[PDB]
Structures are given as C-alpha cells and as structure tokens.
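Participant: Generate coordinates for the sequence data below:
(chains A, B and C, ligands or ions: 4)
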Amino acid sequence: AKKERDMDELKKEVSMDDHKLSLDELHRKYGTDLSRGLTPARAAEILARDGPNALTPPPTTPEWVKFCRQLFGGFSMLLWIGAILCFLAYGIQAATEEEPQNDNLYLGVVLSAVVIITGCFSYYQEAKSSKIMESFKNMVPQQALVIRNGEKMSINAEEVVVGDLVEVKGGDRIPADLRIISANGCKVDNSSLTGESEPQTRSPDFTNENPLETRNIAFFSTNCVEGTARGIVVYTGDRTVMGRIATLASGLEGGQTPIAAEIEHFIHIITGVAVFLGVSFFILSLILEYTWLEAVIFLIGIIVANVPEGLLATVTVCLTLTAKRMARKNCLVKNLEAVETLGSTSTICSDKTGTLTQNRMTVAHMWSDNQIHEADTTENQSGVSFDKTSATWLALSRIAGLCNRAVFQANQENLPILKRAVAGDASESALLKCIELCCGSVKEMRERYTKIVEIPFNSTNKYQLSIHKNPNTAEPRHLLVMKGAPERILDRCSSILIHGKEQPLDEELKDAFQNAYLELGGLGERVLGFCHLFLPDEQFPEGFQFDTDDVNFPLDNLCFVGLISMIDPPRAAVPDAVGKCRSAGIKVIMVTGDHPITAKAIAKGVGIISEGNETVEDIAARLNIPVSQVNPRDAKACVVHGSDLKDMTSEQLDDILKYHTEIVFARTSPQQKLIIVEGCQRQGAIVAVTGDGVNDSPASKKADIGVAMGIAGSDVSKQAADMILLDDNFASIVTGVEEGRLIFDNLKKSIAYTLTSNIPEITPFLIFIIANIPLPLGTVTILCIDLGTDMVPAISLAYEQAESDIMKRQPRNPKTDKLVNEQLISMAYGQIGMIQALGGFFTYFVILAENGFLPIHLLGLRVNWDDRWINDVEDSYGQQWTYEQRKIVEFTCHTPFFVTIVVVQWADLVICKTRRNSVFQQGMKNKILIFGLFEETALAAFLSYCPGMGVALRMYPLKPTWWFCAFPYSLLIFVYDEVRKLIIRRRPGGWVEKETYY
Amino acid sequence: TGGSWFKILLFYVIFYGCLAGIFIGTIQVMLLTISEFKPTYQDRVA
Amino acid sequence: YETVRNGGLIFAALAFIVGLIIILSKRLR
Ligand SMILES: [Mg+2]
Ligand SMILES: [Rb+]
Ligand SMILES: [Rb+]
Ligand SMILES: [Rb+]
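Facilitator: Residues are numbered from 1 along each chain as shown, chains lettered A, B, ... in the order given. Ligands and ions are numbered 1, 2, ... in the order given. Next comes the structure:
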C-alpha cells in the first residue's frame, strides 16, 4: 500500500515469471507433490495466509458526492452566497417584515431551488459510470478440480491456494494462472489476452517469449477448448496476469471530457465579471450613502443579473439531444459529454481483430484454372462470386466440401449463412461456409458422395484425405480427396485440372502456381492445397477394402485441383470509413496483439497504411536495415512489434509515435495498448479507442472516448467504453465525429445568445447606482429570461444545421481554439449586449415618459414611509400614487423592459443562428427555433397579462406601443452583425472583424 | 496580450460613440412627441 | 382597460396554439 505511481502504475512492466524451470525446481519452489497433490492441512494453512482466489471490486458506492457537485456546480457558488445573502435580507427587517416578507424570502427560496435544479442537469451529465471489475471477477469459474493429498476433489475457485495442482478439461475456465506440468492434446483459447481467437496448445515443457507465449502456462481468464491438463497455480486472483489488468482497467481513471472541460474555462470567465463588478459596487458605491439592506439588495441583484441561470441546464439538453439523435442510428451512448469529444477527437486507436476485421476466417481467394479469384470477403454484400462456371471449380467445390468435418448447430433458419454456427474450426468452417454462398448445401453434398474411409486432419505429416463413392455411375466408382499444406499437396500430384481437362503437371504451371502461392501469401492469408483422385476400377472393384491408418491406395500422381486462401477480412464499412477519418485529418493507429504480418497486411487493406513501408525499402534498394535506410526515415510508416516497445522510453515512443504515420504496433500486451494511448495523449491530443475484446479494457479507459463493439465485444470491453456501436457498423465513428463537431458550434451559438441578454440585465442595477434612477429591471424579473424566456431558443439553436463541409477541417485543437473566448464575449457582451441594453433602457423612459417623464428629472430616492409628501413634474403621487408611484415600474417599466428584452432577443436568436452566413443564402428553416421564437414571444405576453400571478410579477402594458418600444432596436441588431458576417466574407482573411470573428 | 492592443480599443469607443448618440436621438425624437410640456395619463386618487 | 383584458390574451394564443398543433406537425412532413 504505497503511492499511485505504484498502486496503479506498476503495469508499465509485464514479465517476472518462473515456468522456465525444471519440474524439480518447480516442485521445490512450491514444495508440492506433483501428482499426489497438496496436503489439505497445508491448503488452508496457505489460504488463511495468502487470501482467497478472487477479485475485489473497488471501494465505491457513493450516490451523493457526485449529486452534491452543485456545491461548486456551475455558478451555484454565487447563487448560494447570493440566496443566503438575499436570505438575510428578509431578516434585517424592522416594523413587521412588510412586503419585504414576500420579496427576498421568496427570491431566496427561488434562487435556492434553482441551484438544486441546476444540479440535476449538472448531474444527469455524468450518470453513475463504473463497474469493470464487475465482469472480470465474473469471468473466474465457480468450481475447480484440483488434486490434493491423493484424490481429485472439486471446490470453490476462491479456495485455490498458490502451490497446488489442478486439472482442466476442455470447456472449463482456467481456475488461476498455472504452469502445466503435463497435458494431453490441450488447447486453450487466449482471446482475452492475445485478442486472437484461434486455439493455442499446452505442452508441459517448452519455453519461448518467456512468459505469455510459452506453451506451458495457462492464464486466469482463458479457458480450455479441448484436451486436458494439470498444472500448478503460480498466481492467485488479484496477483495473476488478468488480475493485474482486472485491477488496472478498473482503479484507473480517464479525467476531463474535453467538452466538459470547456464547461470550465468559461464558467470561470463569466464568474470573473461575476464579482469584478459584483463586489466592486458593493464597495465603490455602498459607501455609507445607501443603507446596508440597500447594498445587499443591490448585491443579490447583480448576482442574479450575471449567472446565466438557464444555460448549463441548456447545454445539458444540447447534449441530451445529439445523443438521443445518434442512438436512433444506434451507437448508443452511456456518457453524454462523450458525444462532443468524439468531435474534438484527434487520434483513433483500434483493435484490428474484432473491430476493424470481423473476426471470422473467410475464403479470400482461390487459384482455380491457373488464374486468381476473389470473393465476397464481406458480410454478404457486393463483389458477387468469382465465376462458378468452369467445371474445374465444380471439382474444387466438392473437395473443400467433402474433405471437411464441419457442420452447423440448431436449425438456423436465419439466412445468415455467414453468421451461422460453426463446429469444427476456422480454417475448415471457413470453407464449409464458402460452400453455401453457392453450390447448394454441403450437408446434402456430404451425403451425395458417401464417405467410406478418412485419414484424420494433418497428423504432423501434413494433408488430410478421405475416399467417398461417386454416384455418377460412369467414371470411377471411388473418389478420394485430400488437402493440406499448399507446398506438400502440389509436390505429390502429377496432373491438374483446366476447365475440365487434365493436362499433366510440369514446369510451365508449377510456376504460375508458386506465383499464386507467394502472391497470395503476401496478402497474409493462409493457403491450402486441394486435390483429388479417381481410383481406377480394374484396380478397385466396388466393396474394395481400404485400410484406414494403413498404406493401401495411391497417394502420389494425384490430381491437383486448386488453391484456397482464407483470412480475417475487414468489416464492410471499415475500408473507407477509415479514409473518411483521414479526410478529417484524424490520425489513426492499429493497436493489436495479433502478429506483424497480419497486422500490416490488414493495415494496408483498410487505408491505415498507403505507400512507404520502412523495413521494405530496406530490400527494395540498399539491401540493408541501417545504412542509407533507418536514419533517412525515408519511410512515412512502420510496424512496431511489442517485443521492442517493451524496451522503449517515454521519449523513445514519442519519436516513433510522432515522426511518421505508421498507424500500427503489433503483438501488444494490454498494458501496451494503454502505454501507447498515454503516449499519444501526453502529446496534448484527444484520442479515441475502438475495441472488442477484454484485452482492450485498459486502453478503453485512459482513452478520452472509448468505443466498444456491441456484439463483437466482451461483456466488459463495453462496460469500459463510452460508446457502444450496436450494429458494429464502424462507420458510425464518422457519423459521430460529425454529429459531435456539429454540437461544438451549435453550442456556441446556443450559448453566446443565451447570455448576450446578460448585459441588458446587469446595466439596470449598475446605472441604478450611478444615478438613483429607479430600478428599471427587477431581480424577480431577471429570473424569468434566461431561466424562463430564452429557454427554448437556446435549446432550439442546437437543432440548427451545418454551415460547411465540416469533415474538411483539421481536428479542433484543444489548447487554442476554445469554446468561449474574447471572440465570443467581445461580440456578445461588449457589442450586442450593449445595443440591447439601450433598447430596454430606452423603453424604460417611454414607460415613464407617457406617465411622468423625467428625461432630465427622475434621479431620486423614492421612499415609501413618507407617502405622497413629494413628487415630480406637476403631480401629487402618494399613498394613491405611491402604492402607485412604483406601479410604473413594478407592474410597468420592469414589464415593458422585460418585453423589450424579449423583443431584442428575436434578432439575437437569428444573428446567432448563423456564424458566418447571411440568413439569406443560409437556411432559415429551423422549424424548432421558429416555433419557439413564438413560444417565447407569446409566453412573454402571457407573463405580461397573466390575470393574477401578475401580482408576484409585472402588469398589463399598452399592447399598441408598450411593446414596439425596443422594436426599433431589435432591427439594428439584425442589421449590424449581418453586415460583419458579409464583412467577414468580402475580406476572407479578415481584419479587425475576423480578428474578432467569433 | 495582442500586437497593437490599441486599435481594438479605438474601434471600440467609436462604437459606444455612435451607440450613444443613437440612444440620444431615439430619446430626442422620443420627447418630440411626449406632448406640449408633458401630457399626463390614467391615474387618480381613491 | 375594457380591451386588453379578455382580448390581449387571445393574442397570446395565435403563436402558442402553433405549439401543440403545428410544431407537433413536422412528422407528417
Ligand atoms: Mg479483438
Ligand atoms: Rb443573468
Ligand atoms: Rb472514459
Ligand atoms: Rb441572460
């Protein structure tokens, strides 16, 4: 129990193992009889010492500390310091808290609830996101078969101590990490470690890449697929290899979601002026020239007139939408903010197998007729067949079909011939399936030609054959067929097909053959040799006795029919969907535990790599590695084997990582995927990781945004990811980077506006001090614009569509190009915020003018204990026009000002609708906005004539003009920025205007 | 913090410049209609 | 005001009623 650079940073290493030691040494190390087992007494003696074989979820179950975020949440600080300060107002009262009983106390509880509610949105933005170890610890088996003091007994995996030997049958999960001391035909599936699916085998002895690749170790998560074995627990639970990971890909934390970290840099700037004035006036004004209760009522105002009550709660919605928008196209989202990170994304990291490729051995090509062929390497799509004409294939067809042990399980009615259930193995089922796209059903073809004898698949001696009886009662009555290593097969024939004929083998074709071979091997697909023979009759009469595992019938001078290559093909989309991410300047990289050859050949296959392999020019010229090669780095890309990444330093990676666009590290340990991701991140970037298997877990966390794979993924890989493609359509990454980039913009617009109206809300109280000209705008009135009026329009902005070929610009850097900034503030606080100001300030006067205008008068403290005693401009305003002297601002002015703000907010909510295009040669079809712009303007009126609540609010203004006042202004607005946009344009590079573009 | 941090301010007062007279005028022509010395509107004792 | 009483609100219902009658009408588009 030390620091973190150790408790969760001790995985930058991998090795440290003893399995490359004599059974004697082993036995001695654990002091355990390698066959009688271990003593039960000794058993517990160790469990009560070492501690149960099982994982333990991280200490976490807090459902508050996260809810209670608002206690800093957004602007809830000032709100709290405000609604507490304005909760004091109702206190500092004397002669029976008069009307101030209604006000203050209420504005305190109101601003009070606000904070609370402004939190639920500053909460639903980060739904309880956790539970990895969950699945991991749910991957260990329940029972376990281990040998002790003699017999073999079964018990709870948890009870397996280090040191004893356990037996594992095929189809069970390996109890713990163990070094097999003996086995028989054991084959374990290492998916969850290598990431590859083809079964590996287990030998009691051996050695190799000392720990992970030696055939004498079995791993924690993995499971036995066939055969049997007995080994000795070298590591238990939390201490295993998958334990180290299970722990790592759990206790590790990502951090700040870009978009969500932008919800910071501005929350500060706004909260910067939040006091620069806020307190400034409390001081530079409240100079004992106003009563305490005055300053404070003035304090709690600017507060309210500053924190955009309705805004964060807005972005929340702006997110919620672009989420509930992508989900209709699948690629579900578990964490909102992610949505706008996928757009800020600069680099993508992908698990080749399962993600890019579909992970299913499929026939890639064929060499029937001295000519190459390609097939629908897809998930049933275009390309369509290779031919299917030439009788030659006809033959090859059956071969692959008969010389096969494959089948299907349930009835599988679903036509997904390719998505159906296999039995045998990749190599073979790959073939079976291939012979179902066409040539009817093999099951029937298997019964067409009945099998009488078969020589088991490759038995070290390469090849596999079987003799069936031909029903075509004309030519031979016995057809034997075999396939095996391409080399072997060929070099044991004497004649090969051609459309149907049988020209003899020789030098001529033995060439085009080698070509096809090496020419196919190059693409990195496995190739098999197919051939058959018709055993002559006068040599084998019906009923002839063939001796199974014994020489008896021909083997040489057979007929070579063809070549077939299979591979793990790229998904349908993957091909160009990658290019699209490039179209968008996004860098990619292949992080795979599979082997080099494959990784590269597959990299080239999906654009990940174009022209300029390093180690190739090494041969394509100055036949060497160092020399005029290495240094020159004349190579734009390269393939890095994990074996070497293990011996590299921080900067060493940096170099390799950012000195060329290799896009491919192969054979990598889980940790490595992450250490790789980290390295990408440490260079100030936003990286996303796409995976499927559990080996990704880690990298699917340190990664800014993580993309699982729905079905092609582990019931964990997903638990660690942010996005869950449920159609595995790897193109959604693009239909996600776009939709994300959209909301970045469609948020500024949505935000700029949502606060420009902040100005028209402060100024009143500010002037309200410089020249005691009666509260133009009311506090209880402010909480009714950002949190009541501009609501739907802020939201609306979000729906606003594009503005250009977005996927044409480099990823938005994250250190410079921010969200909120001068460009914005200047153009929304110091420009329009002002013009709006006048407007509603102007209306303030007219609202008094046509009643008792003091364009030169006014400027005076309007007490209320006096009652009548004074007035202005030929009047007697008192108890009658005192209750009333304010009815010109309360029920009025505030109201007309109020409406005027709305009224200016129209042209705002249209000048911010676009960021660079005249609403003219630009869609003005935001159905939502529009029907809201009215749903706003209207509420306004209902809130201005609402027969009752108008008490706790304003009053009946003179419809004919108590509205149009600001109207003269809304225009200038619209007219103003409209020119600049057109200004920004005529002069593209722009000057002061584009310099203060936005 | 900005090359010629000055111009940005210059074409900033001119703004409040025009933005001001504009307030003036809208307020001028506003009065050019108030009335003859100041009208008076619907308010009475009770 | 024997005018904008039961008459200034009907005006507050010409662009609101287009909220659950016309905006709710973008599906039959
Ligand atoms: Mg995988
Ligand atoms: Rb505000
Ligand atoms: Rb994450
Ligand atoms: Rb605002």
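
Participant: Not counting sequence-adjacent ones, nearest residue to the residue nearest the centre of chain B?
Facilitator: In chain B, the centroid-proximal residue (CA atoms, centre = their mean) is residue B:23; its distance is 1.5 Å. Take residue B:23 and drop its neighbours on the chain: the residue closest to it by CB to CB, 6 or more residues apart in numbering or on different chains is residue A:838, 4.6 Å away. All C-beta spots, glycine's among them, are computed from the backbone N, C-alpha and C.

Participant: quick one: the helices in chain B?
Facilitator: B:7-31 (DSSP state H).

Participant: how near is the residue in it positioned nearest to ligand 4 to chain C?
Facilitator: Ligand 4 sits closest to residue B:19 of chain B, with a gap of 19.6 Å, by CB to the ion. In this view, residue B:19 and chain C are 31 Å apart by CB to the nearest CB, to the nearest Å.

Participant: Identify the residues contacting that residue.
Facilitator: Under the criterion of CB atoms under 8 Å, 6 or more residues apart in numbering or on different chains, the neighbours of residue B:19 are A:834-835, A:838.

Participant: Kindly report the same for residue A:640.
Facilitator: By CB under 8 Å, 6+ apart, residue A:640 lies in contact with A:656, A:662, A:664-666.

Participant: Using JSON lines, please lay out the residues you listed together with distance to residue A:272.
Facilitator: Putting the contacts of residue A:640 into JSON lines (distance: CB to CB, whole Å) gives the following:
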{"residue": "A:656", "distance to residue A:272": "42"}
{"residue": "A:662", "distance to residue A:272": "44"}
{"residue": "A:664", "distance to residue A:272": "46"}
{"residue": "A:665", "distance to residue A:272": "44"}
{"residue": "A:666", "distance to residue A:272": "50"}
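
Participant: mind listing which of those residues are in helices?
Facilitator: residue A:656.

Participant: Quick one: buried ones out of the contacts of residue A:640?
Facilitator: A:656, A:662, A:664-666 (16 or more other CB atoms under 10 Å in any protein chain shown).

Participant: from those, which are also near ligand 2?
Facilitator: Residues of the buried ones among the contacts of residue A:640 in contact with ligand 2 (CB under 5 Å from the ion): none.

Participant: and which of those is nearest to residue A:154?
Facilitator: residue A:666 (40.1 Å; CB to CB).

Participant: how much space between the closest one and residue A:603?
Facilitator: 9 Å (CB to CB, to the nearest Å).

Participant: residues bridging contact with these two, i.e. touching both?
Facilitator: Listed as contacting both residue A:666 and residue A:603 by CB under 8 Å, 6+ apart are A:590, A:639.

Participant: Could you report the neighbour count for residue A:442?
Facilitator: 24 (other CB atoms under 10 Å in any protein chain shown).

Participant: what helix or strand does the closest residue to it other than its chain neighbours sit in?
Facilitator: What sits nearest to residue A:442 in space, not counting adjacent residues and going by CB to CB, 6+ apart, is residue A:401, at 4.6 Å. Residue A:401 belongs to helix A:391-402 when assigned by DSSP states H and E.

Participant: Likewise for residue A:954?
Facilitator: Short version, using DSSP H and E: residue A:954 is in no helix or strand.

Participant: dump the residue contacts of the nearest residue to residue A:383 once chain neighbours are set aside.
Facilitator: Using CB to CB, 6+ apart and skipping the chain neighbours, the partner closest in space to residue A:383 is residue A:376 (4.7 Å). Residue A:376 makes contacts with A:382-385, A:437, as judged by CB under 8 Å, 6+ apart.

Participant: what number of residues lie near the residue of chain B found nearest ligand 1?
Facilitator: Closest approach of chain B to ligand 1 (CB to the ion) occurs at residue B:1, with a separation of 49.8 Å. If you count neighbours by other CB under 10 Å, residue B:1 ends up with 4.

Participant: Next up, the contacts around residue A:499.
Facilitator: If you count contacts by CB under 8 Å, 6+ apart, residue A:499 has them with A:369, A:390-392.

Participant: correct me, but residue A:982 touches residue A:916?
Facilitator: No - the pair residue A:982 / residue A:916 is not scored as a contact, 9.7 Å apart, by CB atoms under 8 Å.

Participant: Comparing these two, which residue is more hemmed in?
Facilitator: residue A:916 (16 against 13).

Participant: Is it correct that the more buried one falls within a strand?
Facilitator: No - going by DSSP: H, G, I helix; E, B strand; the rest coil, the assignment for residue A:916 is coil, not a strand.

Participant: Show me where the stretch 151-300 of chain A has its strands.
Facilitator: With DSSP state E, counting those that start in this stretch as the criterion, the stretch 151-300 of chain A has strands at A:152-154, A:165-169, A:177-189, A:200-202, A:217-218, A:223-235.

Participant: Reformat those strands as TSV; add mean neighbour count and distance to ligand 4.
Facilitator: Shown next, in TSV, are the strands of the stretch 151-300 of chain A (neighbours: other CB atoms under 10 Å in any protein chain shown; distance: least, CB to the ion, whole Å):
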stretch	mean neighbour count	distance to ligand 4
strand A:152-154	12	69
strand A:165-169	23	67
strand A:177-189	21	60
strand A:200-202	19	64
strand A:217-218	26	64
strand A:223-235	22	60
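
Participant: okay, the ones you listed in JSON lines with distance to residue A:123 next?
Facilitator: Shown next, in JSON lines, are the strands of the stretch 151-300 of chain A (distance: least, CB to CB, whole Å):
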{"stretch": "strand A:152-154", "distance to residue A:123": "48"}
{"stretch": "strand A:165-169", "distance to residue A:123": "47"}
{"stretch": "strand A:177-189", "distance to residue A:123": "41"}
{"stretch": "strand A:200-202", "distance to residue A:123": "47"}
{"stretch": "strand A:217-218", "distance to residue A:123": "45"}
{"stretch": "strand A:223-235", "distance to residue A:123": "41"}
